[PDB]
Amino acid sequence: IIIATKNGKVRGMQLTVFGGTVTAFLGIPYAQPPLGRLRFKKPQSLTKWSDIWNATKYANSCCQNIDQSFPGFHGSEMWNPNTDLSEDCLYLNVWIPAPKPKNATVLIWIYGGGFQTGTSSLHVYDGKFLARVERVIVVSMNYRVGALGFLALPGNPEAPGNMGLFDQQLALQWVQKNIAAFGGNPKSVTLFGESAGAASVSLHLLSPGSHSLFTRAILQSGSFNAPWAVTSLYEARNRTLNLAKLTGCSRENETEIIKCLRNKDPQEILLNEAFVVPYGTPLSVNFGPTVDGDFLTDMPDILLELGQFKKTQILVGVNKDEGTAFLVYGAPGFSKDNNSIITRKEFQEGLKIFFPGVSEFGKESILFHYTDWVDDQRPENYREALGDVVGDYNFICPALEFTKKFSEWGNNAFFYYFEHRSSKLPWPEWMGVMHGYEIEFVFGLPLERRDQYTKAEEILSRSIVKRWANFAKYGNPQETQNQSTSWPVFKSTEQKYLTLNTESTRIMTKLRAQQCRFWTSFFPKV
Ligand SMILES: *[C@@H]1O[C@H](CO[C@@H]2O[C@@H](C)[C@@H](O)[C@@H](O)[C@@H]2O)[C@@H](O[C@@H]2O[C@H](CO)[C@@H](O[C@@H]3O[C@H](CO)[C@@H](O)[C@H](O)[C@@H]3O)[C@H](O)[C@H]2NC(C)=O)[C@H](O)[C@H]1NC(C)=O
Ligand SMILES: *[C@@H]1O[C@H](CO[C@@H]2O[C@@H](C)[C@@H](O)[C@@H](O)[C@@H]2O)[C@@H](O[C@@H]2O[C@H](CO)[C@@H](O)[C@H](O)[C@H]2NC(C)=O)[C@H](O)[C@H]1NC(C)=O
Ligand SMILES: *[C@@H]1O[C@H](CO[C@@H]2O[C@@H](C)[C@@H](O)[C@@H](O)[C@@H]2O)[C@@H](O[C@@H]2O[C@H](CO)[C@@H](O)[C@H](O)[C@H]2NC(C)=O)[C@H](O)[C@H]1NC(C)=O
Ligand SMILES: *C(=O)N(C)c1cccc2c(CN(C)CCC3CCCCCC3)c[nH]c12
Ligand SMILES: *[C@@H]1O[C@H](CO[C@@H]2O[C@@H](C)[C@@H](O)[C@@H](O)[C@@H]2O)[C@@H](O)[C@H](O)[C@H]1NC(C)=O
Ligand SMILES: *[C@@H]1O[C@H](CO[C@@H]2O[C@@H](C)[C@@H](O)[C@@H](O)[C@@H]2O)[C@@H](O)[C@H](O)[C@H]1NC(C)=O
Ligand SMILES: CC(=O)N[C@H]1[C@H]([C@H](O)[C@H](O)CO)O[C@@](O)(C(=O)O)C[C@@H]1O
Ligand SMILES: *[C@@H]1O[C@H](CO)[C@@H](O)[C@H](O)[C@H]1NC(C)=O
């Protein structure tokens with residue numbers, strides 16, 4: 001099957017899914033490849049082609065450094081790129097139902113990876129199940145990451161910052177101009193993403209140039225006000241300069257520095273990216289979103305607080321054990337291959353790793369609020385507190401604060417707490433319900449009976465998929481038929497949220513109230 005787009009015809013491929021068919025268009029280009037003089041610049045519009053573009057395989061993933069912390073371990077390597085790395089990577093994917101829909105709602109996935117890694121071609125982002133089961137169209141795109149996507153000398157168009165965010169935006173634009181030709185509804189577009197993808201979605205809610213390019217938004221385990229998600233303009237400059245020094249590209253004319261960095265080979269840039277920070281952490285974001293005066297007109301805490309964002313519905317949520325995955329990437333006494341019982345001294349050293357530039361008093365205050373136990377003899381006490389510290393600070397409390405602030409301006413918001421640990425999880429049990437492991441439920445992988453998930457997991461994915469699709473189509477994440485628990489709107493008064501698990505979906509109130517009053521009220525003062 002062949003589709004005529006505004007820039008030329010593209011050929012897809014038929015996929016067998018669940019005794020039906022999905023048409024997949026894998027690797028459609030949506031911008032001029034950002035090479036040569038175009039490196040670090042905003043994405044340029046694509047010149048029309050006259051042939052038939054063969055969109056039958058995922059395209060190159062963008063240049064990025066690979067996680068090598070556990071070679072051979074599927075738990076970490078499933079997140080690594082699975083196509084060739086290349087600067088020529090501005091491509092997107094489309095899954096459409098077969099038979100071709102008339103006016104399907106469109107879901108646009110933006111992957112995470114700390115703005116330094118990720119790719120749309122990961123197995124857990126395969127949108128063919130969503131298209132088969134709910135008859136939505138799933139779009140996903142690759143966007144530039146790391147220095148190549150977020151290097152910033154702000155106000156200077158040779159490297160203005162936020163390029164990877166403009167990559168995303170130009171793909172959103174592509175959907176507006178072309179998706180009706182695939183049977184999609186440009187007026188019914190929901191962005192969803194996880195971690196830096198969710199942070200990206202929250203910044204699209206804030207960017208005026210994205211407001212006309214989507215309807216609704218879903219934020220999984222991330223939002224821009226998370227402490228790792230926005231690079232200050234001070235650091236962005238100190239980091240651009242450091243990378244210049246590492247690469248032998250220090251000049252005086254700022255533009256001349258970028259010209260120098262433009263002649264460097266991609267691997268030279270990538271290898272020096274790591275050491276541009278003085279004190280890195282497992283959650284470090286070397287080159288990330290900045291206030292550029294283009295995509296972001298002001299500091300986003302200010303825009304959020306004062307109601308300067310797209311008025312629409314949002315679905316936001318977090319996982320029960322967001323923080324535990326990151327403890328094996330640096331915290332002493334931790335290991336995925338043992339139960340990681342750490343001492344009080346190890347917990348204190350762990351705070352130094354995760355809060356490097358924080359004062360002594362600030363680290364003590366973290367310790368004070370997370371080490372008054374129900375049982376002081378519980379030998380896992382400090383292991384779980386450090387996971388809770390990292391998860392509350394970096395994910396849960398920023399998600400809740402975003403949802404509170406956003407809803408205060410009249411919009412319906414829906415908050416979830418995901419507490420099911422995948423039965424096939426290759427990580428150890430002490431890490432519980434890890435960051436990133438709701439994604440496969442959202443994308444409906446457990447609906448495939450051949451893939452040795454439990455039956456209760458098939459049902460949970462089925463209900464989750466229906467709720468996501470109803471949110472995108474109707475602004476309302478209900479499952480209205482199988483006598484499901486009604487998902488109430490999150491209000492700033494009562495702060496109700498829905499728990500997602502295989503046993504009982506409960507409605508609860510005021511998630512992590514005590515912990516988040518420490519993080520969002522006390523801790524920013526330190
Ligand atoms: C596909 O469906 C859309 C409607 O999509 C729905 O409405 C959105 C606002 C979102 O809430 C979506 O989640 C939701 O599913 C149809 O859009 C319709 O487009 C036509 C023109 O393209 C609009 O016609 C209007 O006609 C009046 C009077 O003649 C004019 O004055 C207006 O200027 C305007 O052109 C129509 O309002 C609009 N419908 C809605 C509800 O906004 C779209 O036509 C449809 N396409 C197909 C092929 O089915
Ligand atoms: C801002 O930048 C300076 C310079 O960074 C150093 O040089 C870069 C090329 C890169 O290799 C970094 O890792 C280097 O640290 C930072 O100054 C350094 O500060 C650390 C302690 O914070 C100190 O041990 C180094 O000796 C310093 N090096 C130099 C050359 O001054 C500085 O810390 C950065 N950040 C801030 C907030 O000032
Ligand atoms: C859990 O493991 C950590 C990490 O040690 C590594 O992994 C082990 C499974 C084993 O294969 C070791 O040989 C590895 O080095 C242990 O932390 C280390 O403990 C030693 C003291 O024995 C210390 O000198 C190291 O610095 C520690 N390494 C780190 C990264 O902290 C930890 O003691 C183990 N805990 C339990 C309860 O098994
Ligand atoms: C979201 O994108 N987040 C939370 C984020 C921030 C900074 C770096 C990130 C990386 C890459 N490395 C540092 C960690 C890889 C882990 C992530 C946990 C899931 C399973 C283990 C692999 C990824 N995400 C970020
Ligand atoms: C584009 O695709 C055309 C159609 O052929 C199909 O694609 C190739 C790759 C084979 O898998 C074939 O069995 C398929 O039916 C090709 O004839 C054409 O060469 C392709 N052109 C380019 C530039 O790739
Ligand atoms: C809803 O449930 C379907 C099967 O459940 C059966 O049908 C419902 C109406 C009840 O009678 C129940 O007791 C039966 O076991 C699933 O096939 C379907 O996928 C489910 N849909 C969603 C959105 O969860
Ligand atoms: C960087 C990269 O992936 N380049 C190209 C690859 C490789 O050059 C070869 O497969 C050898 O590895 O091959 C293609 O031409 C192909 O045949 O589909 C597509 C792709 O653009
Ligand atoms: C730097 O070089 C550019 C041309 O490459 C020039 O336009 C500019 O004036 C020079 N000086 C500064 C301060 O940018």
Side-chain angles (χ1 to χ4, degrees), residues 198-199 202 219-230 281 283 299-307 314 316-324 326-327 344 347-348 350-352 354-355 357-376 378 381-409 411 413-419 432-433 435 488-499 506-526:
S202 69
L219 287 68
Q220 299 166 214
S221 305
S223 52
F224 77 80
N225 58 327
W228 46 266
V230 176
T281 92
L283 280 152
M299 285 178 5
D301 40 310
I302 304 181
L303 306 174
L304 186 62
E305 169 76 7
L306 300 183
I314 65 174
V316 188
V318 297
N319 299 352
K320 173 164 158 289
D321 299 289
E322 295 281 6
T324 58
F326 304 91
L327 308 179
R344 163 167 178 102
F347 175 95
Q348 281 168 321
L351 289 183
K352 274 192 230 295
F354 276 94
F355 300 85
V358 171
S359 56
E360 283 297 321
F361 164 80
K363 300 174 239 239
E364 310 193 44
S365 84
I366 300 174
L367 182 118
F368 167 94
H369 274 94
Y370 276 91
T371 63
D372 165 70
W373 330 103
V374 304
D375 193 303
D376 77 345
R378 217 258 168 279
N381 269 343
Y382 290 101
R383 183 192 80 205
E384 315 200 322
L386 191 62
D388 282 328
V389 164
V390 169
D392 292 346
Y393 172 59
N394 284 288
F395 298 94
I396 294 192
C397 303
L400 288 164
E401 207 46 41
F402 179 91
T403 310
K404 281 199 253 245
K405 278 333 179 173
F406 192 99
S407 73
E408 257 153 27
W409 290 86
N411 317 277
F414 301 91
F415 201 99
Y416 69 80
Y417 189 59
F418 184 80
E419 30 185 45
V433 181
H435 176 76
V489 316
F490 182 104
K491 261 270 299 160
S492 82
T493 314
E494 48 193 23
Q495 301 160 54
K496 295 175 182 183
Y497 65 96
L498 178 72
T499 67
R506 301 240 212 265
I507 283 142
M508 317 268 274
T509 53
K510 289 153 181 217
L511 176 63
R512 299 259 193 310
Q514 293 253 303
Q515 301 92 320
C516 289
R517 277 185 290 252
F518 165 78
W519 287 115
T520 83
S521 280
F522 185 159
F523 196 69
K525 288 132 122 172
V526 317

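Numbers for residues simply follow the sequence, beginning at 1.
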Answer yes or no: is there a side-chain heavy-atom contact under 4.5 Å between [X] and [Y]?
| X | Y | result |
| --- | --- | --- |
| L400 | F490 | yes |
| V230 | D301 | no |
| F354 | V389 | no |
| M508 | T499 | yes |
| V316 | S223 | no |

Could you pull out all donor-acceptor pairs under 3.5 Å where a side-chain atom in residues 515-526 meets a protein atom, sequence neighbours excluded?
| from | atom 1 | to | atom 2 | distance (Å) |
| --- | --- | --- | --- | --- |
| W519 | NE1 | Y370 | OH | 2.5 |
| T520 | OG1 | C516 | O | 3.1 |

Work out which heavy atom in [X] is nearest to a heavy atom in [Y]; give both atom names and the distance.
| X | Y | value |
| --- | --- | --- |
| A226 | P398 | CA-CB, 3.6 Å |
| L304 | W409 | O-NE1, 4.0 Å |
| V318 | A399 | CG1-CB, 3.6 Å |
| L511 | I396 | CD2-CG2, 4.1 Å |
| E494 | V489 | OE2-O, 4.3 Å |
| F414 | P488 | CD2-O, 3.6 Å |

Quick check against the 3.5 Å criterion: does [X] have a side-chain atom that pairs as donor or acceptor with the backbone of [Y]?
| X | Y | value |
| --- | --- | --- |
| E408 | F406 | no |
| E305 | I302 | no |
| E384 | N381 | no |
| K510 | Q495 | no |
| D375 | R378 | yes |

- Item | Stepwise side-chain contact (heavy atoms from CB on, under 4.5 Å) test for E360 and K352 | CA-CA 9 Å; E360 283 297 321; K352 274 192 230 295; 3.4 Å; yes
- Message: Let's go through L367 and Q348 carefully: what are the C-alpha distance in whole Å and the side-chain angles of both, what is the deciding distance for side-chain contact (heavy atoms from CB on, under 4.5 Å) to 0.1 Å, and is it a yes or a no?
- Response: CA-CA 7 Å; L367 182 118; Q348 281 168 321; 3.7 Å; yes
- Message: Are more than 12 heavy atoms, taken from residues, nucleotides or ligands other than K404, located less than 6.0 Å from that residue's NZ atom?
- Response: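 Check passes, neighbour count above 12.
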- Message: Determine whether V390 and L283 satisfy the following criterion, side-chain contact (heavy atoms from CB on, under 4.5 Å), listing intermediate values before the conclusion.
- Response: CA-CA 9 Å; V390 169; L283 280 152; 3.9 Å; yes
- Task: List the steps, then state whether side-chain contact (heavy atoms from CB on, under 4.5 Å) holds for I314 with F402.
- Result: CA-CA 10 Å; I314 65 174; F402 179 91; 3.7 Å; yes
- Report yes if the distance between the aromatic ring centroids of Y382 and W373 is under 6.0 Å, otherwise no.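 Aromatic pair counts; centres sit under 6.0 Å.
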- Distance-only side-chain donor-acceptor flag, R512 / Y417, under 3.5 Å: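 Yes - a donor-acceptor pair under 3.5 Å links their side chains.
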- Query: With sequence neighbours left out, what residues match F418 under ring-ring contact (aromatic ring centres under 6.0 Å, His included)?
  - Reply: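 Per chain and number, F418 pairs via ring-ring contact (aromatic ring centres under 6.0 Å, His included) with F441.
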